[PDB]
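Here is the structure we will look at.
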Amino acid sequence: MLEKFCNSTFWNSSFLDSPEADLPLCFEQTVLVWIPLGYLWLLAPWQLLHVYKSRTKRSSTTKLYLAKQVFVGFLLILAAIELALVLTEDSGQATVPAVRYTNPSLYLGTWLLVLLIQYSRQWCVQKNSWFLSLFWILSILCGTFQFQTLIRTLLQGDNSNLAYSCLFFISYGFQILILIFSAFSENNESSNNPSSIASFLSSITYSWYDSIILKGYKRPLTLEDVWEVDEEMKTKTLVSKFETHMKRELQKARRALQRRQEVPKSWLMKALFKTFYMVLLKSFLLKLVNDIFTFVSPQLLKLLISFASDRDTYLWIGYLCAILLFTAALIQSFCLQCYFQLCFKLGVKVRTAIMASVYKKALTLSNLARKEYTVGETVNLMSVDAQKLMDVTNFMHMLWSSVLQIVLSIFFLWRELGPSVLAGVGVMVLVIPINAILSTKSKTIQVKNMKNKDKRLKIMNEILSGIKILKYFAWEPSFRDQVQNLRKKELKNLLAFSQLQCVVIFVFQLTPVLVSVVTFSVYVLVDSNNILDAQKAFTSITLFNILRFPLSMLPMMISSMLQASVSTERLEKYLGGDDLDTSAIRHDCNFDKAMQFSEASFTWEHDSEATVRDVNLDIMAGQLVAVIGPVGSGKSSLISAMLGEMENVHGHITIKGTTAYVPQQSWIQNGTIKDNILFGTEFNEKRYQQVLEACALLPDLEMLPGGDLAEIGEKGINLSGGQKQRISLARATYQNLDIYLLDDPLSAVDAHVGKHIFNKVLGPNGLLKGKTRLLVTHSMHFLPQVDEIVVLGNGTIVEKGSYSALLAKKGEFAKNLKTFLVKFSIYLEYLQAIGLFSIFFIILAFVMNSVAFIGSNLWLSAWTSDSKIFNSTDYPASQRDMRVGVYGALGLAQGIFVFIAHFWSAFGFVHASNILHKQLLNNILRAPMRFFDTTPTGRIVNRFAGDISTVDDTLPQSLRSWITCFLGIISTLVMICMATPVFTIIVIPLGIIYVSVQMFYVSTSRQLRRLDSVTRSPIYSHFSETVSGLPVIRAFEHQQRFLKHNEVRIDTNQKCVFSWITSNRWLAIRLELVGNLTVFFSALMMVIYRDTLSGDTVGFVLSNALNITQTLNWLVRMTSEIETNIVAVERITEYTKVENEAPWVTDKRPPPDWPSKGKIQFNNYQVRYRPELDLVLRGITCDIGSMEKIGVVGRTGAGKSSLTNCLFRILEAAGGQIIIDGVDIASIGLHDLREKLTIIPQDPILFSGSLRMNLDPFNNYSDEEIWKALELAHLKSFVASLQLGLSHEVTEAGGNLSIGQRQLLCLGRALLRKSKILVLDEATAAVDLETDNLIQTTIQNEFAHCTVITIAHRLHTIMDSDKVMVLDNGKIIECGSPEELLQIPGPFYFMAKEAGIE
Ligand SMILES: CC(C)CCC[C@@H](C)[C@H]1CC[C@H]2[C@@H]3CC=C4C[C@@H](O)CC[C@]4(C)[C@H]3CC[C@]12C
Ligand SMILES: CC(C)CCC[C@@H](C)[C@H]1CC[C@H]2[C@@H]3CC=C4C[C@@H](O)CC[C@]4(C)[C@H]3CC[C@]12C
Ligand SMILES: CC(C)CCC[C@@H](C)[C@H]1CC[C@H]2[C@@H]3CC=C4C[C@@H](O)CC[C@]4(C)[C@H]3CC[C@]12C
Ligand SMILES: CC(C)CCC[C@@H](C)[C@H]1CC[C@H]2[C@@H]3CC=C4C[C@@H](O)CC[C@]4(C)[C@H]3CC[C@]12C
Ligand SMILES: CC(C)CCC[C@@H](C)[C@H]1CC[C@H]2[C@@H]3CC=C4C[C@@H](O)CC[C@]4(C)[C@H]3CC[C@]12C
């Protein structure tokens, strides 16, 4: 038919079989018009209805809107002129062809539709969308054929359609110009994020990010510069979608588990899939288009090898293949980078949905379920298992895609080499099992090794917390050796893991070499009719390069799916657990009684006895009541049951209004002290200042170094147990609730501040007078002031009444009350730690691999050329066997050098990991005490934890990957320039683009990786903090505040990760385009020089210029990764080079048994705590008698504490000297001093481990010497009770031992040492007077033969010494015997008068 639509031939293949080919005009004017117009009309009705059903308001008019609309107006006018010239010129005189009329008539209809859809677009947020952008591209790429046909016909000299040709040329020019205007963003000027307003072309090329790239280059960037994340991706948006499917599938699985057997599992993957399925479909279609286009380039490669293998194939075929190579690679790059945007965004959305669901569950999980986990083990559920589901979600499409790429590669190989490909398949089926075994083994070693790290870190945290005691006792060598041993076993595992990883990477790298050496050898040896040529060889090498990624990726997805299955069981177990039962505690307000117990019973364990048995009491408003009894009788369980933190056995409790709670064990948040007091409430100056005074807190705030704004918390300044207790009561009293529950808060503070706090805060004269207050006490001191008292016996109420009524009744209380009687030198530091001798041979082995690789490609280029000299009958068998032999030899040679390079490097990186730790630890233990006072302990721990882990884990594999990519690029550029040296002129321009794109990327990505790394840890420390605080958070009803604070943290991290993900999608567009241009210009050189080239050279060049493109990208990715991770070596190096104390042992040795008398002597002494300060102590001058007993005293701030520090040389002397037994303590080695003096520390600390190593970590004393030390300490009767005697184990900080035996055990340690000189610095805190008395008599009984110096804050502790020493302005004022010092009125007498002592 079309022959009489156009009066000319529609198709004739004899137009293409010539040097000057063109298409028939009938084909151009029909099919190449109907393609772009058919795309427009089939979809425009839907695109119009989509806007009509989603419009809100019009945008402003713009210059670009005018400019687009007027040029489509010219397209409409030209279509009218074109129809007018056909309709007037025909004059009815001849039968003009139909096409001459239909085509203009179609264009008139289309330009009216284009004006209409452009007008409709002014309601949308994104103006220039995909729909019109692909119409202009399709129109311009179809019109290009007719453009060259018309201009070539006109240039040949025919003018028969000149006017029509001009109307076409103008219409083609204006479409290119409309496409250029259609590229710009045409902003709404919304400051939120450019990605919502960006055009289709800017979106696919990520050209809306250049605004951050140009910002992060010229100056540092910060969290205010990073765009806020999209509303579809906010934590509230994701959790409210996910929870809808979670509840549905969890309830279904619960019902299925209840239908069986007559916890639920296999529901979390169903809930995730149903939440996100639409993102999976969009990702699948993009990946499938890439997996089609990846097999186009090998077919276009074969055509170019054929075009070089004869010289009468038409010249236009060569240029057309070069254009199609560039075009196919460009379309593939845009699809691939979109697929990655969707996949890496989905992995972040899955993490966010799990982390926020785990957090919200923790606030409501039952007590029986919660006891099954440690705090660190619940934090690992958010830190490890949520991250494992992200790491799998990023790559899961590789499970189907890798199989498809393998099957298509085997098909396109059978087409080139027939049945011989089965010899290559025999290699591919052997390597996949081996990689899955080595990958699951190395993952198993990595998980087992994780336990050793935790043990080392826990010991370190106790070493750095106890460092003052390690210095006093000279114990640093014992704790140094203890850490080193655990490191050795950790390094042994690290070497085995590193060796398994190096053989896995070797097999991934060599498999294309092995499979090609096997396949070409079998093909040539099996049948003498088989002869190898450039088309078969260099095409097959391209398919062997396509196979490398899917063959290595499949084993790693299999071993990762086996890991994520364990993480899924842990998440399903936790999220499926029972919610807390509220039904036994009732909040009926207006109950005319604040609290009411109805025969109730409760327990800590539903299998066990009731801990608070039948109890029946009730209490009215504004009533202060006290709870008392013997130890373990039930006291703190009564408050815990009232809060609902226990299992009900019987009855119920009723409560009226709001509650405040103070626990026996204090909970404190990271923040300022002011933030902990205000606890999310608004500030109000008068009330705030009144609370700080009432809680006796101002005397602490006067001496904390930050004042009221001091950084308290685990990552901040440390506070005493009495300070943490005051702060806890100060928080509770600021909130102003109805009911106060107190779990014996006075138990951690002295009786004088206790009396002050009782009168100010909670007594019938204090702040809380209008509030009902239930007070647990172990002390009797305040009972006379209470409204009503109850005694508990064996979990139930025994007696009740006022204080006087209990004594008048003569109950058991009346007898019991008788108890009241980037710089380059950092890279060089790391290379010297590996050692420069190994760097040389590792680099030499990597270079020899590159030379053997080049040699094997040159040999194959020679081998295929034999096919033009010989034939299937005449090829010599000696030459066949010689060609096969040395190709196998060059295949083996590069296998040997790659194995030597990888396997040697594993010993090099493990050697550096050892040296850096060994030098850090040895410096830190020698640091002076100023370092530990000025530096917060969490900072030092991070260097020993995260940094050491960075240096020994990721760092090594980044350096290996970089040198592998670098030599791959250099090897490839050498082979191209060796084949056609004119290409060296094209290398300079592309090299200037490449180094510029690297410079702009690496300046930004390094900052986003830092900004991610600093903002992630606050999520896990806040989760650890809230899980530790649950009964406090519930008692105040604060759950909604805490949920919002978690959402703010997660959203703040989420934007740093997503903008870093975007930053590497931008990079890839530029570097894949630079890569694509190397193959396009390389292909063109070999078309223009076809007279002096062969199919062998063209195959040799294009084959490895096709694999360059992903290597060009990965070299820049690794450069950013190394520049990020190398900072770990800087931080370690910083502390490795901080200052040290005086030598522990000097040649000047003290004589044998040196402290023989104890003649301590001071001359004009002077000290300051830091070079920045004036002197704390000045001009001290004294002589101390052999075995003399001394007290030191002075007005608070006298500086007394300087003596105990400087006598051990913790502080170095500013002037004067000190002597002991004729030796000056400044000349002797620092351990030879410390080890001879004996000190009892002010505050007891124990190290987690045996009773044996807590008394003697050097294992130097004998078993009976320790038993008599516990006898003299009076602990024998306790230690003999434990199943293990001296081998029994203490937990963290000794927490399984109560405070009485802790203080006593620290006295027992000193008894074993038993030296001639003893220091005592009495503490100013609460103590059990029985333990105080038995310690004080033991001091007088057992150290009778020692010289003794005592420091105390009360004169009744001093008053029986041989001498008293009084100083105030850091200078001596008086000294004498303690009666004579009172006998004449003077400094000490006035004090003793103020103390009531004299
Ligand atoms: C796949 C396309 C887009 C690019 C590859 C080049 C194409 C256009 C080339 C490669 C081989 C060519 C064919 C080779 C031989 C003949 C036989 C002759 O009697 C008619 C032309 C015909 C049938 C050619 C048509 C054009 C052709 C198919
Ligand atoms: C890519 C778009 C924008 C433009 C493409 C235009 C192409 C197809 C045009 C531009 C210049 C044209 C060439 C100009 C001159 C000659 C010389 C003549 O003896 C044969 C045709 C030939 C060789 C033309 C072939 C077609 C041609 C290459
Ligand atoms: C497909 C799109 C993207 C590009 C199309 C390019 C076409 C129009 C180009 C590419 C190669 C060109 C040919 C290259 C060489 C010759 C030989 C010369 O003696 C006459 C022109 C002729 C035959 C050209 C005609 C136009 C041509 C076929
Ligand atoms: C047209 C767009 C899409 C791509 C650009 C292709 C370029 C590189 C192609 C298209 C047309 C080609 C020309 C067409 C015709 C001839 C005449 C011939 O005796 C020498 C080569 C020469 C001079 C070609 C050189 C390369 C050329 C200019
Ligand atoms: C396998 C190992 C032991 C071999 C050692 C490789 C050495 C020579 C390589 C590995 C990583 C490299 C560094 C990686 C990144 C940068 C930042 C860039 O702006 C300048 C070059 C510089 C500083 C490189 C210098 C050379 C380097 C240190």
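Ordered as shown in the structure tokens, chains take letters A, B, and onward, while each chain numbers its residues from 1 and ligands are numbered from 1 in the order shown.
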
Using only C-alpha atoms and all ligand atoms, I'd like a table of the residues in chain A that come within 12 Å of ligand 2; for each, show the closest atom pair and its distance in Å rounded to one decimal, ordered by chain and ascending number, as CSV.
residue,atom,partner,partner_atom_place_in_ligand_line,distance
A:19,CA,ligand 2,20 (C),10.6
A:20,CA,ligand 2,20 (C),7.8
A:21,CA,ligand 2,21 (C),10.1
A:22,CA,ligand 2,25 (C),10.0
A:137,CA,ligand 2,3 (C),11.3
A:139,CA,ligand 2,3 (C),11.9
A:140,CA,ligand 2,3 (C),8.0
A:141,CA,ligand 2,1 (C),8.2
A:142,CA,ligand 2,2 (C),10.6
A:143,CA,ligand 2,2 (C),9.2
A:144,CA,ligand 2,5 (C),6.1
A:145,CA,ligand 2,8 (C),6.9
A:146,CA,ligand 2,8 (C),8.9
A:147,CA,ligand 2,8 (C),6.9
A:148,CA,ligand 2,26 (C),4.8
A:149,CA,ligand 2,26 (C),7.7
A:150,CA,ligand 2,26 (C),9.6
A:151,CA,ligand 2,26 (C),7.6
A:152,CA,ligand 2,21 (C),5.4
A:153,CA,ligand 2,21 (C),8.9
A:154,CA,ligand 2,18 (C),10.2
A:155,CA,ligand 2,18 (C),7.2
A:156,CA,ligand 2,19 (O),7.7
A:157,CA,ligand 2,19 (O),11.1
A:169,CA,ligand 2,4 (C),11.2
A:172,CA,ligand 2,3 (C),9.1
A:173,CA,ligand 2,3 (C),8.9
A:174,CA,ligand 2,3 (C),11.9
A:175,CA,ligand 2,3 (C),10.9
A:176,CA,ligand 2,3 (C),8.2
A:177,CA,ligand 2,3 (C),11.4
A:315,CA,ligand 2,23 (C),11.3
A:316,CA,ligand 2,23 (C),9.8
A:319,CA,ligand 2,28 (C),10.5
A:320,CA,ligand 2,8 (C),10.9
A:323,CA,ligand 2,1 (C),10.3

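Residues in contact with residue 378 of chain A at up to 10 Å, not including ones fewer than 5 positions away on its chain and judged by only C-alpha atoms, are residues 358, 362, 370, 372, 373, 383, 574, 1023, 1024 and 1027 of chain A.
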
Taking 4 positions as the minimum chain separation for residues in the same chain, which residues sit within 8 Å of residue 856 of chain A when counting only C-alpha atoms? Answer as a PyMOL selection string. chain A and resi 852+860+887+890-891

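The interatomic distance for the pair atom CA of residue 569 of chain A and atom CA of residue 1045 of chain A works out to 28.0 Å.
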
Please identify every polymer residue within 6 Å of ligand 5, using only C-alpha atoms and all ligand atoms, and present the set as a count of residues only. 6

Listing only residues of chain A within 7 Å of ligand 1, what is the closest atom pair and its distance in Å (to one decimal) for each, using only C-alpha atoms and all ligand atoms, sorted by chain and residue number ascending, as CSV?
residue,atom,partner,partner_atom_place_in_ligand_line,distance
A:13,CA,ligand 1,20 (C),5.2
A:14,CA,ligand 1,20 (C),5.7
A:16,CA,ligand 1,21 (C),5.3
A:17,CA,ligand 1,21 (C),4.6
A:317,CA,ligand 1,6 (C),6.0
A:320,CA,ligand 1,4 (C),6.9
A:321,CA,ligand 1,4 (C),6.5

Just-selected residues, C-alpha atoms written as a short mmCIF file (atom, residue, chain, number, x, y, z; two decimals), in the first residue's frame:
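Produced file again-v8.cif, reproduced below:
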data_model
loop_
_atom_site.label_atom_id
_atom_site.label_comp_id
_atom_site.auth_asym_id
_atom_site.auth_seq_id
_atom_site.Cartn_x
_atom_site.Cartn_y
_atom_site.Cartn_z
CA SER A 13 17.44 -3.67 0.24
CA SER A 14 19.57 -2.74 -2.85
CA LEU A 16 21.86 -0.39 1.50
CA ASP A 17 24.32 -2.58 -0.53
CA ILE A 317 29.48 0.42 8.50
CA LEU A 320 27.82 3.40 12.44
CA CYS A 321 29.26 0.77 14.86
#

Taking only C-alpha atoms and all ligand atoms into account, name the residue in A:327, A:1111, A:590, A:728 that is nearest to ligand 4. A:327

What's around residue 1146 of chain A at 10 Å? Count only C-alpha atoms, leave out sequence neighbours fewer than 6 positions away in its own chain, and write the answer as JSON, numbers by chain. {"A": [1227, 1228, 1229, 1230, 1231, 1232]}

Produce a file of the selected residues containing C-alpha atoms, as a PDB file, in the first residue's frame.
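Just written: selection.pdb:
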ATOM      1  CA  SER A1227      66.795  11.034  92.878  1.00  0.00           C
ATOM      2  CA  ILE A1228      65.457   7.400  93.041  1.00  0.00           C
ATOM      3  CA  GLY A1229      63.546   5.589  90.233  1.00  0.00           C
ATOM      4  CA  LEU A1230      59.778   6.072  90.362  1.00  0.00           C
ATOM      5  CA  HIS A1231      58.689   2.448  91.142  1.00  0.00           C
ATOM      6  CA  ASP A1232      61.587   2.029  93.635  1.00  0.00           C
TER       7      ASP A1232
END

Residue 638 of chain A surroundings by only C-alpha atoms, 7 Å radius, close-in-sequence under 4 positions cut, as number ranges by chain: A: 612, 634, 642

Output as a PyMOL selection string all residues of segment 365-450 of chain A that backbone DSSP marks as alpha helix (DSSP H). chain A and resi 367-370+375-380+386-393+398-417+422-450

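For the set A:784, A:745, A:318, A:418, the residue with the smallest atom-to-atom gap to ligand 3 is A:318, counting only C-alpha atoms and all ligand atoms.
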